[PDB]
$ cat start35.cif   # mmCIF, C-alpha atoms
data_query
loop_
_atom_site.group_PDB
_atom_site.id
_atom_site.type_symbol
_atom_site.label_atom_id
_atom_site.label_comp_id
_atom_site.auth_asym_id
_atom_site.auth_seq_id
_atom_site.Cartn_x
_atom_site.Cartn_y
_atom_site.Cartn_z
ATOM 1 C CA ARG K 21 11.293 17.555 1.043
ATOM 2 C CA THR K 22 13.897 14.928 2.085
ATOM 3 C CA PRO K 23 15.050 13.606 5.480
ATOM 4 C CA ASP K 24 17.351 15.651 7.629
ATOM 5 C CA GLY K 25 19.309 12.735 9.013
ATOM 6 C CA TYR K 26 19.881 9.077 9.587
ATOM 7 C CA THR K 27 21.215 7.869 12.931
ATOM 8 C CA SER K 28 22.528 4.618 14.394
ATOM 9 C CA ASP K 29 21.466 4.386 18.075
ATOM 10 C CA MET K 30 22.714 1.733 20.493
ATOM 11 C CA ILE K 31 21.068 0.143 23.510
ATOM 12 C CA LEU K 32 24.247 -0.911 25.283
ATOM 13 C CA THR K 33 23.576 -3.440 28.024
ATOM 14 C CA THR K 34 25.253 -5.737 30.532
ATOM 15 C CA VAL K 35 24.216 -8.019 33.359
ATOM 16 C CA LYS K 36 25.620 -7.409 36.820
ATOM 17 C CA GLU K 37 24.708 -7.854 40.450
ATOM 18 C CA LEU K 38 22.438 -5.405 42.172
ATOM 19 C CA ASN K 39 21.646 -6.425 45.787
ATOM 20 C CA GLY K 40 23.198 -9.829 44.978
ATOM 21 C CA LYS K 41 20.818 -10.340 42.016
ATOM 22 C CA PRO K 42 21.864 -10.406 38.296
ATOM 23 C CA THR K 43 20.260 -7.325 36.772
ATOM 24 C CA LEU K 44 20.170 -5.899 33.235
ATOM 25 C CA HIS K 45 21.973 -2.546 33.122
ATOM 26 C CA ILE K 46 22.174 0.104 30.387
ATOM 27 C CA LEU K 47 24.839 2.711 29.513
ATOM 28 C CA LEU K 48 23.434 6.208 28.990
ATOM 29 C CA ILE K 49 24.935 9.589 28.309
ATOM 30 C CA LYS K 50 23.489 12.872 29.652
ATOM 31 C CA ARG K 51 23.182 15.565 26.995
ATOM 32 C CA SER K 52 25.108 18.745 27.743
ATOM 33 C CA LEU K 53 23.148 21.807 28.998
ATOM 34 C CA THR K 54 24.655 23.775 26.139
ATOM 35 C CA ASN K 55 25.329 23.479 22.420
ATOM 36 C CA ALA K 56 28.679 24.395 20.845
ATOM 37 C CA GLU K 57 27.859 28.122 20.912
ATOM 38 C CA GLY K 58 27.112 28.000 24.677
ATOM 39 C CA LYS K 59 23.381 28.473 24.409
ATOM 40 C CA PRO K 60 20.718 26.072 25.643
ATOM 41 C CA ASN K 61 21.125 22.599 24.045
ATOM 42 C CA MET K 62 18.234 20.782 22.382
ATOM 43 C CA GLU K 63 17.138 18.136 24.827
ATOM 44 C CA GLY K 64 19.830 19.544 27.148
ATOM 45 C CA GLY K 65 20.418 17.718 30.401
ATOM 46 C CA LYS K 66 18.419 14.641 29.229
ATOM 47 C CA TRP K 67 19.825 11.092 29.131
ATOM 48 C CA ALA K 68 20.360 9.515 25.710
ATOM 49 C CA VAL K 69 21.614 6.179 24.409
ATOM 50 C CA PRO K 70 24.973 6.261 22.738
ATOM 51 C CA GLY K 71 24.890 6.761 18.959
ATOM 52 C CA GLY K 72 25.614 9.143 16.099
ATOM 53 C CA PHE K 73 24.834 10.219 12.528
ATOM 54 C CA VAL K 74 25.405 7.681 9.742
ATOM 55 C CA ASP K 75 27.725 8.945 6.936
ATOM 56 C CA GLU K 76 26.710 8.881 3.278
ATOM 57 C CA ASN K 77 29.378 6.249 2.667
ATOM 58 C CA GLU K 78 28.398 3.701 5.365
ATOM 59 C CA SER K 79 25.532 1.515 6.621
ATOM 60 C CA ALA K 80 23.882 2.157 9.982
ATOM 61 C CA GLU K 81 25.596 -1.092 11.101
ATOM 62 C CA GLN K 82 29.007 0.263 10.175
ATOM 63 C CA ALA K 83 28.241 3.439 12.075
ATOM 64 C CA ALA K 84 27.101 1.428 15.148
ATOM 65 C CA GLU K 85 30.253 -0.749 15.033
ATOM 66 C CA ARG K 86 32.363 2.408 14.985
ATOM 67 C CA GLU K 87 30.345 4.156 17.733
ATOM 68 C CA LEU K 88 30.660 1.067 19.930
ATOM 69 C CA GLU K 89 34.494 1.311 19.700
ATOM 70 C CA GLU K 90 34.711 5.114 20.189
ATOM 71 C CA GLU K 91 32.656 4.838 23.348
ATOM 72 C CA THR K 92 34.033 1.564 24.800
ATOM 73 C CA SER K 93 36.959 0.094 22.731
ATOM 74 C CA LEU K 94 34.943 -3.111 22.182
ATOM 75 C CA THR K 95 35.530 -4.629 18.753
ATOM 76 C CA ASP K 96 34.208 -8.168 18.283
ATOM 77 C CA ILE K 97 30.597 -7.408 19.347
ATOM 78 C CA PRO K 98 27.600 -8.340 17.249
ATOM 79 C CA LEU K 99 24.976 -5.634 17.286
ATOM 80 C CA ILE K 100 21.396 -6.896 17.109
ATOM 81 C CA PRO K 101 18.989 -4.660 15.093
ATOM 82 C CA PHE K 102 15.714 -4.155 16.870
ATOM 83 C CA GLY K 103 13.976 -1.410 15.032
ATOM 84 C CA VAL K 104 13.615 1.796 13.128
ATOM 85 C CA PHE K 105 12.380 4.883 14.973
ATOM 86 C CA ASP K 106 10.907 7.143 12.357
ATOM 87 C CA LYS K 107 7.770 8.586 14.040
ATOM 88 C CA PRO K 108 7.232 12.146 12.824
ATOM 89 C CA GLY K 109 8.346 14.606 15.496
ATOM 90 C CA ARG K 110 10.642 12.136 17.357
ATOM 91 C CA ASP K 111 13.564 14.497 17.006
ATOM 92 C CA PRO K 112 12.818 18.265 17.222
ATOM 93 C CA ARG K 113 15.918 19.040 15.173
ATOM 94 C CA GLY K 114 14.094 17.755 12.003
ATOM 95 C CA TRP K 115 13.105 14.597 10.041
ATOM 96 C CA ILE K 116 15.619 12.120 11.546
ATOM 97 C CA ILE K 117 15.326 8.377 11.087
ATOM 98 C CA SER K 118 16.989 6.184 13.697
ATOM 99 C CA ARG K 119 18.205 2.640 13.121
ATOM 100 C CA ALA K 120 18.365 1.060 16.558
ATOM 101 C CA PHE K 121 20.568 -1.801 17.706
ATOM 102 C CA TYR K 122 21.229 -3.526 21.015
ATOM 103 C CA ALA K 123 24.338 -5.234 22.334
ATOM 104 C CA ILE K 124 25.089 -7.297 25.444
ATOM 105 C CA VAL K 125 28.671 -6.720 26.551
ATOM 106 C CA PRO K 126 30.711 -7.635 29.616
ATOM 107 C CA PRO K 127 30.163 -5.201 32.477
ATOM 108 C CA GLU K 128 33.764 -4.055 32.793
ATOM 109 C CA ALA K 129 34.015 -1.829 29.680
ATOM 110 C CA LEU K 130 30.716 -0.109 30.592
ATOM 111 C CA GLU K 131 31.846 0.424 34.229
ATOM 112 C CA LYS K 132 35.104 1.962 32.907
ATOM 113 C CA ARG K 133 33.261 4.655 30.909
ATOM 114 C CA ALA K 134 30.750 5.360 33.677
ATOM 115 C CA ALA K 135 33.677 5.785 36.128
ATOM 116 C CA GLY K 136 36.153 7.640 33.844
ATOM 117 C CA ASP K 137 36.778 11.361 33.203
ATOM 118 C CA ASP K 138 33.223 11.964 31.846
ATOM 119 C CA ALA K 139 31.705 10.333 34.976
ATOM 120 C CA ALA K 140 29.022 13.018 35.778
ATOM 121 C CA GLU K 141 27.914 12.729 32.143
ATOM 122 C CA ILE K 142 27.816 8.842 31.859
ATOM 123 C CA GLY K 143 25.894 6.314 33.927
ATOM 124 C CA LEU K 144 25.407 2.554 34.023
ATOM 125 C CA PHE K 145 21.799 2.157 35.163
ATOM 126 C CA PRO K 146 19.681 -0.816 36.135
ATOM 127 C CA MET K 147 17.124 -0.873 33.396
ATOM 128 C CA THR K 148 14.141 -0.273 35.670
ATOM 129 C CA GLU K 149 15.827 2.927 37.015
ATOM 130 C CA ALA K 150 16.842 3.978 33.457
ATOM 131 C CA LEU K 151 13.199 3.825 32.446
ATOM 132 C CA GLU K 152 12.410 6.595 34.994
ATOM 133 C CA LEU K 153 15.129 9.000 33.955
ATOM 134 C CA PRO K 154 14.468 12.169 31.976
ATOM 135 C CA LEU K 155 15.256 10.692 28.524
ATOM 136 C CA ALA K 156 16.094 12.553 25.297
ATOM 137 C CA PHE K 157 13.951 12.317 22.100
ATOM 138 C CA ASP K 158 11.982 9.085 21.871
ATOM 139 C CA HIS K 159 14.644 7.185 23.776
ATOM 140 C CA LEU K 160 12.175 6.007 26.413
ATOM 141 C CA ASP K 161 10.355 4.222 23.565
ATOM 142 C CA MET K 162 13.659 2.788 22.347
ATOM 143 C CA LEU K 163 14.495 1.456 25.839
ATOM 144 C CA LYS K 164 11.046 -0.079 26.404
ATOM 145 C CA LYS K 165 11.137 -1.915 23.046
ATOM 146 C CA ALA K 166 14.760 -3.072 23.701
ATOM 147 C CA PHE K 167 14.071 -4.189 27.240
ATOM 148 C CA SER K 168 11.108 -6.168 25.922
ATOM 149 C CA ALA K 169 13.088 -7.831 23.096
ATOM 150 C CA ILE K 170 16.118 -8.586 25.322
ATOM 151 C CA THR K 171 13.922 -10.039 28.065
ATOM 152 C CA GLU K 172 12.065 -12.224 25.553
ATOM 153 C CA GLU K 173 15.508 -13.496 24.279
ATOM 154 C CA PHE K 174 16.583 -14.271 27.863
ATOM 155 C CA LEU K 175 13.290 -15.992 28.504
ATOM 156 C CA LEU K 176 13.798 -18.310 25.547
ATOM 157 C CA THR K 177 16.785 -19.660 27.562
ATOM 158 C CA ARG J 21 25.058 16.176 3.599
ATOM 159 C CA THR J 22 21.678 14.556 4.447
ATOM 160 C CA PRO J 23 19.747 11.619 2.948
ATOM 161 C CA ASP J 24 17.894 12.025 -0.292
ATOM 162 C CA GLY J 25 14.993 9.786 0.619
ATOM 163 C CA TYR J 26 13.291 7.258 2.798
ATOM 164 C CA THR J 27 11.230 4.483 1.227
ATOM 165 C CA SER J 28 8.830 1.787 2.411
ATOM 166 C CA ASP J 29 9.279 -1.334 0.223
ATOM 167 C CA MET J 30 6.992 -4.366 0.336
ATOM 168 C CA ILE J 31 7.678 -8.028 -0.343
ATOM 169 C CA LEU J 32 4.124 -9.024 -1.205
ATOM 170 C CA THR J 33 3.646 -12.782 -1.147
ATOM 171 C CA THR J 34 1.048 -15.531 -1.409
ATOM 172 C CA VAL J 35 0.978 -19.306 -1.540
ATOM 173 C CA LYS J 36 -0.627 -21.011 -4.513
ATOM 174 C CA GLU J 37 -0.376 -24.183 -6.533
ATOM 175 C CA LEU J 38 2.270 -24.573 -9.172
ATOM 176 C CA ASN J 39 2.240 -28.058 -10.782
ATOM 177 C CA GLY J 40 -0.131 -29.137 -7.977
ATOM 178 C CA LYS J 41 2.359 -28.021 -5.285
ATOM 179 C CA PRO J 42 1.842 -25.063 -2.852
ATOM 180 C CA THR J 43 4.474 -22.515 -3.834
ATOM 181 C CA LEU J 44 5.450 -19.095 -2.454
ATOM 182 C CA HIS J 45 4.755 -16.386 -5.039
ATOM 183 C CA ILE J 46 5.712 -12.696 -5.126
ATOM 184 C CA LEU J 47 4.081 -9.646 -6.770
ATOM 185 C CA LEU J 48 6.516 -7.503 -8.758
ATOM 186 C CA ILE J 49 6.190 -4.456 -10.937
ATOM 187 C CA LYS J 50 8.355 -3.807 -14.030
ATOM 188 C CA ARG J 51 9.795 -0.297 -14.134
ATOM 189 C CA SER J 52 8.819 1.718 -17.195
ATOM 190 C CA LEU J 53 11.415 2.140 -20.000
ATOM 191 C CA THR J 54 10.952 5.882 -19.683
ATOM 192 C CA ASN J 55 10.718 8.585 -17.036
ATOM 193 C CA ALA J 56 8.029 11.290 -17.072
ATOM 194 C CA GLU J 57 9.902 13.324 -19.703
ATOM 195 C CA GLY J 58 10.075 10.305 -22.071
ATOM 196 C CA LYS J 59 13.780 9.686 -21.737
ATOM 197 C CA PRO J 60 15.423 6.506 -20.487
ATOM 198 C CA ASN J 61 14.218 5.615 -16.946
ATOM 199 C CA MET J 62 16.633 4.825 -14.124
ATOM 200 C CA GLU J 63 16.561 1.081 -13.724
ATOM 201 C CA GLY J 64 14.126 1.080 -16.672
ATOM 202 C CA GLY J 65 12.598 -2.235 -17.636
ATOM 203 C CA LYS J 66 13.731 -3.902 -14.353
ATOM 204 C CA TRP J 67 11.360 -5.628 -11.907
ATOM 205 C CA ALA J 68 10.838 -3.981 -8.517
ATOM 206 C CA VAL J 69 8.835 -4.749 -5.389
ATOM 207 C CA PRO J 70 5.903 -2.494 -4.758
ATOM 208 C CA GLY J 71 6.629 0.526 -2.546
ATOM 209 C CA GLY J 72 7.029 4.294 -2.423
ATOM 210 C CA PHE J 73 8.557 7.315 -0.676
ATOM 211 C CA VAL J 74 7.632 7.914 2.972
ATOM 212 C CA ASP J 75 6.183 11.421 3.656
ATOM 213 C CA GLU J 76 7.608 13.724 6.317
ATOM 214 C CA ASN J 77 4.384 13.314 8.282
ATOM 215 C CA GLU J 78 4.198 9.484 8.423
ATOM 216 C CA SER J 79 6.094 6.361 9.530
ATOM 217 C CA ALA J 80 7.402 3.842 7.003
ATOM 218 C CA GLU J 81 4.669 1.515 8.367
ATOM 219 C CA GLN J 82 1.966 4.042 7.565
ATOM 220 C CA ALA J 83 3.383 4.423 4.082
ATOM 221 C CA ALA J 84 3.458 0.608 3.601
ATOM 222 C CA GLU J 85 -0.154 0.268 4.837
ATOM 223 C CA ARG J 86 -1.206 2.900 2.309
ATOM 224 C CA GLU J 87 0.858 1.405 -0.552
ATOM 225 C CA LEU J 88 -0.646 -2.017 0.149
ATOM 226 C CA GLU J 89 -4.169 -0.561 -0.378
ATOM 227 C CA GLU J 90 -3.311 1.523 -3.486
ATOM 228 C CA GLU J 91 -1.866 -1.543 -5.159
ATOM 229 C CA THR J 92 -4.332 -4.226 -3.958
ATOM 230 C CA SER J 93 -7.263 -2.780 -1.879
ATOM 231 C CA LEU J 94 -6.235 -4.981 1.076
ATOM 232 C CA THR J 95 -6.788 -3.275 4.422
ATOM 233 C CA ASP J 96 -6.526 -5.536 7.473
ATOM 234 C CA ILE J 97 -3.025 -6.903 6.679
ATOM 235 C CA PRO J 98 -0.190 -6.857 9.172
ATOM 236 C CA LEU J 99 3.089 -5.974 7.538
ATOM 237 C CA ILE J 100 6.124 -7.696 9.043
ATOM 238 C CA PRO J 101 9.330 -5.558 9.111
ATOM 239 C CA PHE J 102 12.343 -7.499 7.974
ATOM 240 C CA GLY J 103 15.045 -4.974 7.466
ATOM 241 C CA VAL J 104 16.588 -1.704 6.487
ATOM 242 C CA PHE J 105 18.430 -1.478 3.167
ATOM 243 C CA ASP J 106 20.839 1.386 3.503
ATOM 244 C CA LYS J 107 24.012 0.138 1.732
ATOM 245 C CA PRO J 108 25.737 3.079 0.055
ATOM 246 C CA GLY J 109 25.061 3.014 -3.683
ATOM 247 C CA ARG J 110 21.910 0.809 -3.463
ATOM 248 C CA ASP J 111 19.894 3.403 -5.317
ATOM 249 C CA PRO J 112 21.689 5.377 -8.088
ATOM 250 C CA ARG J 113 19.258 8.261 -7.669
ATOM 251 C CA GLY J 114 21.021 9.210 -4.349
ATOM 252 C CA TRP J 115 21.278 8.364 -0.605
ATOM 253 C CA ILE J 116 17.967 6.476 -0.167
ATOM 254 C CA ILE J 117 17.193 4.386 2.888
ATOM 255 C CA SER J 118 14.624 1.624 2.484
ATOM 256 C CA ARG J 119 12.499 0.190 5.275
ATOM 257 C CA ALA J 120 11.425 -3.233 4.066
ATOM 258 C CA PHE J 121 8.341 -5.194 5.064
ATOM 259 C CA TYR J 122 6.766 -8.467 3.979
ATOM 260 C CA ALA J 123 3.145 -9.564 3.909
ATOM 261 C CA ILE J 124 1.412 -12.875 3.191
ATOM 262 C CA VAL J 125 -1.951 -12.253 1.550
ATOM 263 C CA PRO J 126 -4.557 -14.434 -0.137
ATOM 264 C CA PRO J 127 -3.694 -15.145 -3.764
ATOM 265 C CA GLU J 128 -6.801 -13.590 -5.282
ATOM 266 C CA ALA J 129 -5.966 -9.877 -4.814
ATOM 267 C CA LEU J 130 -2.456 -10.442 -6.239
ATOM 268 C CA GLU J 131 -3.847 -12.402 -9.241
ATOM 269 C CA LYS J 132 -6.298 -9.520 -9.886
ATOM 270 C CA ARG J 133 -3.492 -6.942 -10.234
ATOM 271 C CA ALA J 134 -1.273 -9.249 -12.289
ATOM 272 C CA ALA J 135 -4.239 -9.887 -14.646
ATOM 273 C CA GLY J 136 -5.728 -6.343 -14.765
ATOM 274 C CA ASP J 137 -5.131 -3.372 -17.102
ATOM 275 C CA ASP J 138 -1.410 -3.071 -16.148
ATOM 276 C CA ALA J 139 -0.872 -6.802 -16.891
ATOM 277 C CA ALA J 140 2.356 -6.502 -19.022
ATOM 278 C CA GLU J 141 3.798 -4.383 -16.201
ATOM 279 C CA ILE J 142 2.775 -6.633 -13.186
ATOM 280 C CA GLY J 143 3.569 -10.276 -12.507
ATOM 281 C CA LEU J 144 2.902 -12.836 -9.790
ATOM 282 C CA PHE J 145 6.045 -14.978 -9.800
ATOM 283 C CA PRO J 146 7.038 -18.164 -8.030
ATOM 284 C CA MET J 147 9.801 -16.979 -5.794
ATOM 285 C CA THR J 148 12.500 -19.133 -7.376
ATOM 286 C CA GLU J 149 11.677 -17.609 -10.824
ATOM 287 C CA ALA J 150 11.499 -14.080 -9.304
ATOM 288 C CA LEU J 151 15.033 -14.526 -8.027
ATOM 289 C CA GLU J 152 16.264 -14.873 -11.653
ATOM 290 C CA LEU J 153 14.544 -11.815 -13.046
ATOM 291 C CA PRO J 154 16.371 -8.603 -13.907
ATOM 292 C CA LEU J 155 15.644 -6.795 -10.602
ATOM 293 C CA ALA J 156 15.829 -3.052 -9.869
ATOM 294 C CA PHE J 157 18.208 -1.525 -7.247
ATOM 295 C CA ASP J 158 19.142 -3.961 -4.496
ATOM 296 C CA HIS J 159 15.809 -5.733 -4.765
ATOM 297 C CA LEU J 160 17.446 -9.107 -5.377
ATOM 298 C CA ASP J 161 19.014 -8.702 -1.914
ATOM 299 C CA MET J 162 15.623 -7.736 -0.489
ATOM 300 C CA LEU J 163 13.976 -10.843 -2.005
ATOM 301 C CA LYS J 164 16.709 -13.233 -0.822
ATOM 302 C CA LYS J 165 16.521 -11.924 2.771
ATOM 303 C CA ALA J 166 12.665 -12.044 2.684
ATOM 304 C CA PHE J 167 12.517 -15.504 1.182
ATOM 305 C CA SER J 168 14.906 -16.665 3.898
ATOM 306 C CA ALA J 169 12.914 -15.074 6.755
ATOM 307 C CA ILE J 170 9.529 -16.254 5.391
ATOM 308 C CA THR J 171 10.813 -19.795 4.871
ATOM 309 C CA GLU J 172 12.252 -19.894 8.400
ATOM 310 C CA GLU J 173 8.787 -18.745 9.728
ATOM 311 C CA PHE J 174 7.067 -21.500 7.715
ATOM 312 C CA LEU J 175 9.586 -24.015 8.959
ATOM 313 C CA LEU J 176 8.808 -23.174 12.574
ATOM 314 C CA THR J 177 5.316 -24.585 11.788
#
$ encode --input "start35.cif" --output "structure tokens"
Amino acid sequence: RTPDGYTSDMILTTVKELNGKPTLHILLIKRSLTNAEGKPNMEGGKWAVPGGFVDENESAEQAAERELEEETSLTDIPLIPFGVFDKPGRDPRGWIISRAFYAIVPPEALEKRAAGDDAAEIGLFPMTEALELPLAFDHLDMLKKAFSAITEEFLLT
Amino acid sequence: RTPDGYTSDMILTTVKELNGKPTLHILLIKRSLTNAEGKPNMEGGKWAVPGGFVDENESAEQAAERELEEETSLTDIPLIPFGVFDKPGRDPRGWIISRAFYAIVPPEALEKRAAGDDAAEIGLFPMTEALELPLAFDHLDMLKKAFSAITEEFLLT
């Protein structure tokens, strides 16, 4: 018995004004209602952080650097590791181990994707609102641990 | 293509006097010359940190807590995560992802194992000497990143 997958998942954040106050926002992507065959999707309709499967010939970091660019065209962004999500059962599709990173990027690239041609599918949420969404997998746990770590970094300054 | 394994690897350290100076030591375990069949062992004869494979029904943390007890009978020891070692090729046996932890324990349990009935096989090394050993897999990289993190924690006090 070996693992079914390794993923690189990204808490992608920015700071922007909500009601004239600087507020931490997160980019999230709603899972399709259907899979490729047109039947009901696992975790269908639930919001997920951006990310993807890591390839045999890369590190989770390399996969996160790539997935950052595919989703936003950002390129010179350090990704901060903040955990591993490996709790048995986290992903119903099998034994999948997630390496989780956060990044703090300028708001404009995230607004572009939330407003582009996938708009119904992508949102830029204040983090307190994101925490109340219907979230895929253990992603609520991911967001709570990221929020906490990011906040504690912001507090130290 | 999925991963071949997930491991929980432990940098197990203590502080004790070497030439009347308090020095960081590490417990390491020499890999057998042979595998179970009696033929040459992968990474045979090379020193490795304690650790083991994580089971489908546990977290890497649970596996580290267990492996701490099997190797030393310590039980109330917080394990500090310090990285993931996922670099392609790190383990010749396949695609194996390591979740790495450190712990700082009292010297006596580590001295017991280094002096017990596996004595030729187990050593408690000053960390600077451990860094020069013939080390299995990427464990040199693991020890250098642990040493660095542990030192920077000790410096903050």
$ interface_residues --input "start35.cif" --of "chain J" --to "chain K" --cutoff "6 Å" --atoms "all atoms listed in the file" --output "PDB file with C-alpha atoms, keeping the file's coordinate frame"
ATOM      1  CA  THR J  22      21.678  14.556   4.447  1.00  0.00           C
ATOM      2  CA  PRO J  23      19.747  11.619   2.948  1.00  0.00           C
ATOM      3  CA  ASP J  24      17.894  12.025  -0.292  1.00  0.00           C
ATOM      4  CA  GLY J  25      14.993   9.786   0.619  1.00  0.00           C
ATOM      5  CA  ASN J  77       4.384  13.314   8.282  1.00  0.00           C
ATOM      6  CA  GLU J  78       4.198   9.484   8.423  1.00  0.00           C
ATOM      7  CA  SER J  79       6.094   6.361   9.530  1.00  0.00           C
ATOM      8  CA  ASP J 106      20.839   1.386   3.503  1.00  0.00           C
ATOM      9  CA  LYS J 107      24.012   0.138   1.732  1.00  0.00           C
ATOM     10  CA  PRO J 108      25.737   3.079   0.055  1.00  0.00           C
TER      11      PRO J 108
END
$ resolve_selection --input "start35.cif" --expression "the PyMOL selection byres ((chain K and resi 125) around 7)" --output "PDB file with C-alpha atoms, keeping the file's coordinate frame"
ATOM      1  CA  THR K  33      23.576  -3.440  28.024  1.00  0.00           C
ATOM      2  CA  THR K  34      25.253  -5.737  30.532  1.00  0.00           C
ATOM      3  CA  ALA K 123      24.338  -5.234  22.334  1.00  0.00           C
ATOM      4  CA  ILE K 124      25.089  -7.297  25.444  1.00  0.00           C
ATOM      5  CA  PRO K 126      30.711  -7.635  29.616  1.00  0.00           C
ATOM      6  CA  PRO K 127      30.163  -5.201  32.477  1.00  0.00           C
TER       7      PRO K 127
END
$ resolve_selection --input "start35.cif" --expression "the PyMOL selection byres ((chain J and resi 163-173) around 8)" --output "PyMOL selection string"
chain J and resi 31+102+122+147+151+159-162+174-177
$ write_last_selection --input "start35.cif" --atoms "C-alpha atoms" --output "CSV table (one decimal), in the coordinates of the input"
chain,number,residue,atom,x,y,z
J,31,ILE,CA,7.7,-8.0,-0.3
J,102,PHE,CA,12.3,-7.5,8.0
J,122,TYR,CA,6.8,-8.5,4.0
J,147,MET,CA,9.8,-17.0,-5.8
J,151,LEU,CA,15.0,-14.5,-8.0
J,159,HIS,CA,15.8,-5.7,-4.8
J,160,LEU,CA,17.4,-9.1,-5.4
J,161,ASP,CA,19.0,-8.7,-1.9
J,162,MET,CA,15.6,-7.7,-0.5
J,174,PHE,CA,7.1,-21.5,7.7
J,175,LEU,CA,9.6,-24.0,9.0
J,176,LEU,CA,8.8,-23.2,12.6
J,177,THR,CA,5.3,-24.6,11.8
$ atom_distance --input "start35.cif" --atom1 "atom CA of residue J:35" --atom2 "atom CA of residue J:111"
29.8 Å
$ resolve_selection --input "start35.cif" --expression "the PyMOL selection byres ((chain K and resi 130) around 12)" --output "PyMOL selection string"
chain K and resi 31-36+45-49+70+88-89+91-94+123-129+131-136+139+142-145
$ atom_distance --input "start35.cif" --atom1 "atom CA of residue K:53" --atom2 "atom CA of residue K:152"
19.6 Å
$ closest_residue --input "start35.cif" --among "J:37, J:138, J:149, J:158" --to "residue J:50" --atoms "only C-alpha atoms"
J:138
$ residues_around --input "start35.cif" --residues "residue J:65" --least-positions-apart "6" --cutoff "10 Å" --atoms "all atoms listed in the file" --output "CSV table (one decimal) with C-alpha atoms, in the coordinates of the input"
chain,number,residue,atom,x,y,z
J,49,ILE,CA,6.2,-4.5,-10.9
J,50,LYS,CA,8.4,-3.8,-14.0
J,51,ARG,CA,9.8,-0.3,-14.1
J,52,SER,CA,8.8,1.7,-17.2
J,53,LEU,CA,11.4,2.1,-20.0
J,54,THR,CA,11.0,5.9,-19.7
J,141,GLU,CA,3.8,-4.4,-16.2
J,154,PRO,CA,16.4,-8.6,-13.9
J,155,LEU,CA,15.6,-6.8,-10.6
J,156,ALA,CA,15.8,-3.1,-9.9
$ atom_distance --input "start35.cif" --atom1 "atom CA of residue J:87" --atom2 "atom CA of residue J:66"
19.6 Å
$ build_atoms --input "start35.cif" --residues "stretch 29-42 of chain K" --atoms "N, CA and C atoms" --output "short mmCIF file (atom, residue, chain, number, x, y, z; two decimals), in the coordinates of the input"
data_model
loop_
_atom_site.label_atom_id
_atom_site.label_comp_id
_atom_site.auth_asym_id
_atom_site.auth_seq_id
_atom_site.Cartn_x
_atom_site.Cartn_y
_atom_site.Cartn_z
N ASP K 29 21.55 4.28 16.60
CA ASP K 29 21.47 4.39 18.08
C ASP K 29 21.56 3.01 18.73
N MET K 30 22.29 2.97 19.85
CA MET K 30 22.71 1.73 20.49
C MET K 30 22.22 1.58 21.93
N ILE K 31 21.40 0.58 22.16
CA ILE K 31 21.07 0.14 23.51
C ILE K 31 22.21 -0.77 23.95
N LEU K 32 23.04 -0.24 24.83
CA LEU K 32 24.25 -0.91 25.28
C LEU K 32 24.09 -1.48 26.67
N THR K 33 23.93 -2.79 26.75
CA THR K 33 23.58 -3.44 28.02
C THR K 33 24.59 -4.43 28.56
N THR K 34 24.49 -4.69 29.86
CA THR K 34 25.25 -5.74 30.53
C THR K 34 24.40 -6.33 31.64
N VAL K 35 24.89 -7.40 32.24
CA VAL K 35 24.22 -8.02 33.36
C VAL K 35 25.21 -7.92 34.50
N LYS K 36 24.77 -7.42 35.64
CA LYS K 36 25.62 -7.41 36.82
C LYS K 36 24.77 -7.38 38.07
N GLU K 37 25.43 -7.61 39.20
CA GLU K 37 24.71 -7.85 40.45
C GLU K 37 24.27 -6.55 41.09
N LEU K 38 22.99 -6.48 41.37
CA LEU K 38 22.44 -5.40 42.17
C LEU K 38 21.72 -6.08 43.34
N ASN K 39 22.15 -5.77 44.56
CA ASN K 39 21.65 -6.42 45.79
C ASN K 39 21.74 -7.96 45.63
N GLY K 40 22.93 -8.41 45.22
CA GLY K 40 23.20 -9.83 44.98
C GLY K 40 22.30 -10.52 43.97
N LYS K 41 21.61 -9.76 43.11
CA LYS K 41 20.82 -10.34 42.02
C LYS K 41 21.27 -9.84 40.62
N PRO K 42 21.45 -10.79 39.66
CA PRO K 42 21.86 -10.41 38.30
C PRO K 42 20.82 -9.54 37.62
#
